[PDB]
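Peer 1: Sequence plus experimental coordinates follow:
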Amino acid sequence: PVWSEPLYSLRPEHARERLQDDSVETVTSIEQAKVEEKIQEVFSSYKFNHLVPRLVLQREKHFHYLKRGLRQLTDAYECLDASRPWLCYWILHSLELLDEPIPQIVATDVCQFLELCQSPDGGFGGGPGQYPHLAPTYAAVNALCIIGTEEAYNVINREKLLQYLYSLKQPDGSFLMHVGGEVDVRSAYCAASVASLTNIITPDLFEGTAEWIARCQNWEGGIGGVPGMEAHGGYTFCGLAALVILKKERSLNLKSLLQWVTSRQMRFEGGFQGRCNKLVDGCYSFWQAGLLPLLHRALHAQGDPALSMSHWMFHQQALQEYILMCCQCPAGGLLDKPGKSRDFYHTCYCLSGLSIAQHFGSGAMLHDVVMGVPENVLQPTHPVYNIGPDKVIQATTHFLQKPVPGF
Amino acid sequence: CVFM
Amino acid sequence: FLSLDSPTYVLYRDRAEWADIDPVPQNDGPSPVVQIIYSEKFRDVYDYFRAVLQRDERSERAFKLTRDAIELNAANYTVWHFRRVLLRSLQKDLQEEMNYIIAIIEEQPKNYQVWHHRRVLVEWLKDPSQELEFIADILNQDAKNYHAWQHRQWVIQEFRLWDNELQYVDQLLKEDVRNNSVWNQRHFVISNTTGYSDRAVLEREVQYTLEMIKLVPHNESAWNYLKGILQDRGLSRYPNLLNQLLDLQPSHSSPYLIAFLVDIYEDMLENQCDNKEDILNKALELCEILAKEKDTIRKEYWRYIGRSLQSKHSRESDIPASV
Ligand SMILES: CC(C)=CCC/C(C)=C/CC/C(C)=C/COP(=O)(O)OP(=O)(O)O
Ligand SMILES: [Zn+2]
């Protein structure tokens, strides 16, 4: 009808979703209220301006921001000088989602740059001459797979990579992030991701890893960084995704996990928070919402008959609304929340999350929801690797041609 | 948030 | 000696005591990608760091240089590793180093390297005496700092410093009963000390949680904790729970109270309760109220729960197709 508002966040009843602090103010409620007030202004902006809302993904703007950043960054990025392969990955993946081609000049330059970052003893460091570390190793491999050329694939020294992973493996099943470094669930996911993509998984490489990851699931249903710690979206994505790669999702109580992640979507804002009682943040559009495609596949693999055949178990529309209305920088790039400055990390994850929210896929069944203008639709992303599903297939197929190091 |  | 922010700070290339060393520029290749346009100060320190690292110069000057490299990018794990190599080779006083890491963490508390460095120091010294108080100071600035809580759990567990933690948890819960990190710490302390099997402890916990729930019915943390500690043994195993929750319905409702009721029914139906029929309907009704009115952001989840319950608890669920 004429009075009907198609945008969920703008409907009159949506106002009922505002925080109820029970007249007991604490730091948590105060902070939450500030965010909601700020976001309510964004929602109400169309109304106060007397304009018809139009949700447009600023592609040209995002593209310019990305294409330039792929070549040069201001000193604002000095804090990421030990994470350059991540800059390559975040940017290339964002471009891939936006369906922007990667010029062969660019692709070859990225390849050569990543080679310089590759350690003589396996793995990639944060920049040339830096010691190898699992986080930039994961990023570098993903970046090379997005490129997907023979050159890209050939950059990876598979034998040394496997040697590197073994040098980090711990007796309790976990992995250090780097030599003399910390241990947390990120390492399990980073190792499993690169080892699976490059076909270097030996029989004992991940021995005890699934169990170690399962010990990270806590009373909340989610997964913490290490056993005993608070459940967090970043670590939960890492844990579940690694378990999916190792085909051991069953080790987890998938039911409490599903209840936990679904509870992480903010009723008012529409985006996701990283942990209970904290604030909404656009990057969790991926870390948190990305868990739904994973859970759907896990539960479906167990023959769960009650699974929807057209939607993920989260409010796809509300997440898209949050991202499109609150997470776009006018000059290009995406962000955490209104008031935050853009960065390539949030650009990569807000877009990744948007793609997840727009596309439902379950074998033969396929259903899209594209809020706003049709041009808003992005290329799909693989829920485990967060690179194009085609890149995943292409890479795995290619590496399966090689024998697992050792033979 | 943080990541590494 | 010379702070990175000192008004009289001088670039390394202009320091006499460094004249013998040729700085090593970054090897970015002929046509760089993601090239960072570093400031003068940054590039100068790092060119000298690259030099000392490359020649593995384990010297006092190299040691002081790492402090600057760290202040420029505390996330540079390669610098932290070299610094730890220097601490051992140069036989540096580790308490002095503890003083240093305390200051660094105070200024950049959301960083993985600084907390890992402090941990290594504590391990080396086998001294946890300053930990709980240090962490408490950080938690006093950000009561939810993830690294702080994780380091705290490690110290407590490794050195068995359980004695006063529940008291600390109670203190923070009083300051902010919505602090999920504190509820998680509460569970950590209890499960590693008395455990929740002890009926007196469980009882105490549930009483406490229900009391917090009454004071702030919309605080999701108390709700998650209550479910967290009872769901293991099975919600149906506690008959009085349901009644008591229904009693809050009038003056303390929330999508949480309703969601919990569904969890209780769900388990009741799982442990073949009486009036299987009556229970299932009560549940599907709440699932609908949730997906349709009280908690629509989770409509896809609630619809799924409704279909799941129906799928295996309807009177027809056990009836053969031909009937
Ligand atoms: C592969 C890989 C490297 C994955 C990383 C995943 C990830 C995002 C982990 C987050 C870890 C963390 C300690 C967040 C808390 O920061 P915070 O307190 O600033 O944020 P918050 O308030 O949202 O919890
Ligand atoms: Zn974020």
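Peer 2: Nice, I can see it. Numbers count the residues shown, from 1 in each chain, chains lettered A, B, ... in the order given. Ligands and ions are numbered 1, 2, ... in the order given.

Peer 1: Would you list the phi and psi of the residue of the stretch 151-300 of chain C found nearest chain B?
Peer 2: Residue of the stretch 151-300 of chain C nearest chain B, by Cβ to the nearest Cβ: residue C:151 (14.4 Å). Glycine gets a C-beta too; all of them are placed from N, C-alpha and C. The phi and psi values for residue C:151, taken as degrees, to the nearest 10, are phi -70, psi -40.

Peer 1: just the one 5 residues further on next, same as before
Peer 2: Backbone torsions for residue C:156, taken as degrees, to the nearest 10, come to phi -60, psi -50.

Peer 1: got it, and residue C:4?
Peer 2: Backbone geometry at residue C:4, expressed as degrees, to the nearest 10, gives phi -60, psi -30.

Peer 1: Which positions in chain C make contact with ligand 2?
Peer 2: Applying Cβ under 5 Å from the ion, one finds that chain C does not approach ligand 2 at all.

Peer 1: For chain C, which segments are assigned as strands?
Peer 2: Ranges of strands within chain C are C:35-36, based on DSSP state E.

Peer 1: Close to ligand 1: what parts of it are there?
Peer 2: Residues of chain C lying close to ligand 1 by Cβ under 6 Å from any ligand atom are C:110, C:146.

Peer 1: Return the nearest residue of chain C with respect to ligand 2.
Peer 2: residue C:110 (11.7 Å; Cβ to the ion).

Peer 1: how many other residues sit next to residue A:144?
Peer 2: Burial of residue A:144 is recorded as 31 neighbouring residues (other Cβ atoms under 10 Å in any protein chain shown).

Peer 1: My error: substitute residue A:115 in the last question.
Peer 2: Neighbours around residue A:115, by other Cβ under 10 Å: 18.

Peer 1: can you pull the contacts of it?
Peer 2: Contacts for residue A:115 (Cβ atoms under 8 Å, 6 or more residues apart in numbering or on different chains) come out as residue A:155.

Peer 1: Show me which residues of the strand or helix carrying it are buried.
Peer 2: Taking DSSP states H and E as the definition, residue A:115 sits inside helix A:104-117. Across helix A:104-117, burial judged by 16 or more other Cβ atoms under 10 Å in any protein chain shown covers A:106, A:107, A:108, A:109, A:110, A:111, A:112, A:113, A:114, A:115, A:116, A:117.

Peer 1: tell me which of those is nearest to residue C:54?
Peer 2: The closest of the buried residues of helix A:104-117 to residue C:54 turns out to be residue A:116 (Cβ to Cβ; 14.7 Å).

Peer 1: what about the closest residue to the closest one other than its chain neighbours, distance to ligand 1?
Peer 2: Sequence neighbours aside, residue A:128 is the residue nearest to residue A:116 in space, at 4.1 Å (criterion: Cβ to Cβ, 6 or more residues apart in numbering or on different chains). Using Cβ to the nearest ligand atom, to the nearest Å, one obtains 21 Å as the distance from residue A:128 to ligand 1.

Peer 1: How about the host helix or strand of residue A:255 and chain C, touching?
Peer 2: Assigned by DSSP H and E, residue A:255 belongs to helix A:254-263. Yes. For helix A:254-263, a contact with chain C is found by Cβ under 8 Å from any Cβ of the partner chain, at A:256, A:258, A:259, A:262, A:263.

Peer 1: The fourth one: neighbour count?
Peer 2: It stands for residue A:262. Neighbour tally, residue A:262, other Cβ under 10 Å: 27.

Peer 1: check contacts around it.
Peer 2: With Cβ under 8 Å, 6+ apart, residue A:262 has these contacts: A:292, A:313, A:314, C:298, C:300, C:301.

Peer 1: Among these, which pair sits farthest apart?
Peer 2: Across those, no pair lies farther apart than A:292 and C:298, at 11.6 Å, counting by Cβ to Cβ.

Peer 1: Hmm, residue C:190 is touching residue C:204, no?
Peer 2: No. Taking contacts as Cβ atoms under 8 Å, residue C:190 lies outside contact range of residue C:204: 9.6 Å.

Peer 1: Compare the two (neighbour count), which wins?
Peer 2: Shown here are residue C:190 and residue C:204; by other Cβ under 10 Å, residue C:190 has more neighbours (21 against 13).

Peer 1: Distance of that one relative to residue C:238?
Peer 2: Note on residue C:190: its distance to residue C:238, by Cβ to Cβ, to the nearest Å, is 18 Å.

Peer 1: Can you give me the buried ones in stretch C:142-159?
Peer 2: Within stretch C:142-159, the residues scored as buried using 16+ other Cβ under 10 Å are C:143-156.

Peer 1: Please list all residues in contact with the one residue in the stretch 1-150 of chain C that gets nearest to ligand 1.
Peer 2: Going by Cβ to the nearest ligand atom, ligand 1 is nearest to residue C:146 of the stretch 1-150 of chain C, at 3.8 Å. Residues near residue C:146 by Cβ under 8 Å, 6+ apart: A:225, A:229, A:230, A:232, C:110, C:181.

Peer 1: Tell me how many other residues crowd the nearest residue to the first one once chain neighbours are set aside.
Peer 2: Spelled out, that is residue A:225. Spatial nearest neighbour of residue A:225, chain neighbours left out: residue A:184 (3.9 Å); criterion: Cβ to Cβ, 6+ apart. By other Cβ under 10 Å, 22 other residues sit near residue A:184.
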